[PDB]
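What follows is a set of notes on a single structure, which appears directly below.
Naming follows writing order (A, B, C, D, E, F and G), and every chain is counted from residue 1.
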């Protein structure tokens, strides 16, 4: 596993010893090369796992997430290259350093044979994101957004550390392999109920759950484009990965325990999809769509059936790519308009046709159009929920309809109609932005040819 | 659409507008030309009966009462011209209406084609730059103190002057650009 | 990378499983055995606890 | 074709009728299929022969992997991790094999339903009963394990089922 | 479409045609610049009927605000030319 | 020009050196988990006439 | 008729340039890959299943069918 980690570490001296006008070129090239290196991990077995050593292992749940995390960095660099133009070399190098550290923490988090190491890296990812949000942020509310993002996470995760150390004191090991082979039932007891809550709520807050989703609109709206990309694409999937990893110890307690969460998510997807209909902001709308998708992923994980797990993995990957693309499009609009409100700049299809095509493709893939992997996860989760209960479909049905609505709403408000007469600084779209959208969208349509590559270990 | 609106509508403006709406809706009701002509003349004759009435209160009583009758028999699906705000081709060609300043963003290889057009455009830009600087002062001196009362603009009064705020009225894209 | 992912070797053992099932069914049909058994493990090597209730 | 075994995927002899032209009018189907043969089948056939002689000029073989039998979870100590690992791997392989078996039976059923056409309800009762039996067997072994399934959970399910069966048999005998 | 590019001459010709088929006006007395209220002694209702005829002749309808302040055939032609973007 | 483009392009070599070093470290860490080599019940095999270890 | 009027439209030069560049690079790498795959399939590929000889143990990459996979 070090064949990926060591180049990521070497990214830092290379960036800091780079010539003042060659940081972006060097960083993008080596990030793409590291991504290519990460592709080797995809060739998984139907057997246990790819246990490299005592510290790191690979799994077909971990491999797609690792590949996506590696692939995201060149896109984030290309997106950040624009608005950091009037900035000193030292601070640009610091920004690139923070992105590299975030990638390194995520890579070590996703392998993480041991749960305490997983927790340490899972919370280590918090510092670079907080600094990126609160330092290179435009508005004055970035401080409040950073405070919300930090404290929601820590309030959720502090009981998790106590639960983990207690579990190691009783069982004797926190290793994933040992835990899976030596799993024993949890008696329905008050202490076991609170242990379940402590083990689950930390990953529930980061999805986030409908009750605890407030930090996310603030963090997404106030963060720069790279911050929004990394939050929507990878950082939200940490909770799902943690739940899928930790749920094994929880049974048979999960069935009784799951109802409050199942109801919250099934109603919160409807609530957030409906909130998307009445929004005056692109970034907030994308954030609420992300909340709805992750609520569906929560439902899938809580049902805890094979089809549920495959659907959850596919939906996580597809949502990461789609939400990153949507945030990139919104940022391209914002860098021209400087308002970040949908109703101001209108009729952009007439002025920017190719960018309108990119908008259409992104909205279609957010809409879960078949045979895209978005709908693959959608349908697997829906079928698993129907087997769980024949009434869930009704809610699911509403969700699908509402989703389509706001997606096309976002496509119609900004691209169709008549262009605002006063705005005249809408310059032709650059090659960099078109390349960014192409690199976002091509992997989805390539992955729909090989869905099993992202369907997880239960395939 | 071109002229500025008024602070209100007089009684005669209201009766003329009611006459227009009623005649259009009767034409919608009467598909054939002879039937429409007969009923339109009958309606015109009925309308002219109260023409010399002088009582303002009576005048208010007239037309408003007619408006209720018009609303009752208003032909729920009236005829609308295709390009009218209710027509089937109201905004068909708004997607083809590209602003003029977009030409300022063309690549030089594109501006190599159509050189005479861009030369004339440069002359237009020079004229606009001079005329706007004149127009700012002209409108500042001609506007009434405390702000304008009616959104109508004065014409040019000197020899070399141009109409104030003319650039975006003269440079409309077209009705049917493509 | 797409070409590499497309031509990844069968470490998931799908054709291996297909051939194993083919040979297994070929043998079972001939013997007259009833396909797949209900019990995943042989009952003779499972020692149940006697109730005596 | 020799590429696949005829016994694993049985097929009827496929009797077909003879052309019986009741009229002297030349039908378009025969002339159309002859011109199709001449314009399509021959060039494809010659291309295939060239590719086949190209393949024969270079020849190599690959061998199906064989696996030994390892003691299962019932011959494993309560905390001895090595044998539990081996038994879990063996159980997962057997689970994959059973999935492929059910796939083969479903393929047989679909092929029968399409092949016998309109009388599929009568002429595919054998395949329907075969699939019912294999589905009954498969469902008993793995239906309620869910995610994080394991050999121990399957063994516990089998034990619960077999105690239920033993109690039912004892009660029926002692009824 | 296949619509001929109508010009100012065609517009004015059709305007005067419609006005001459208006029997309330004797054709030999009207002119291009002839007023409606005073030069022809026409009622305001007659003017709005003229607007009706124009709208039914050119296939488009003029807004009431602009229509109610059109008193000459020449200015009507100018307005309709501005609406249709007529070159010559 | 050699000895001049090096002072500006030396940084490029670092990522590949890290990759080869990580591969070497992965093999070296692998070398410490050989306690069960050619001892698994599923793969007990008799060594070839010129073979010392089943895998390296 | 010589009534050719000027059509005002946004500059499509950059979009066409980006599309041409993307096509050029994608083809630049895919055409050699496609040619190589076709040559491998026609000349070398499609190994056929055999039986393991007695006393011989196969290597790990000899259990696959496609030459590129091996």
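By definition in this document, a residue touches a chain if its C-beta (ideal position, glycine included) is under 8 Å from a C-beta of that chain, and two chains touch if they have at least 3 such contacts.
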| item | value |
| --- | --- |
| Path length in steps (a step moves to a chain that is touched) from chain F to chain G | 2 |
| Of all other chains, the one whose Cα centre sits farthest from chain G | E |
| Chain pair with the higher count of C-beta pairs in contact (D-G, D-F) | D-G |
| Chain B-chain E separation of Cα centroids, rounded to whole Å | 16 |
| Inter-centroid spacing, chain B versus chain A (mean Cα positions, whole Å) | 52 |
| Separation of chain A from chain C, taking each centre as the mean of its C-alpha atoms, in whole Å | 37 |
| Centre-of-Cα separation between chain D and chain A, whole angstrom | 39 |
| Shared interface positions of chain A, touching two or more other chains | 46, 350-351, 428 |
| Shared interface positions of chain F, touching two or more other chains | none |
| Two or more partner chains touched - positions in chain C | 8-9, 13, 16 |
| Complex contacts: residues of chain D adjacent to chain G | 51, 54-55, 58, 60-66 |
| Touching residues on chain G, where the partner in the complex is chain A | 10-15, 17-19, 21-22 |
| Of chain C, residues touching chain G in the complex | 3, 7-10, 15-16 |
| Touch list for chain A against partner chain D, complex | 46-48, 178, 180-183, 247-248, 251, 304-306, 308-309, 458 |
| Residues on chain C engaged by chain D in the complex (per definition of touch) | 13, 16-22, 24-26, 29, 34-41, 43, 45-46, 48, 51 |
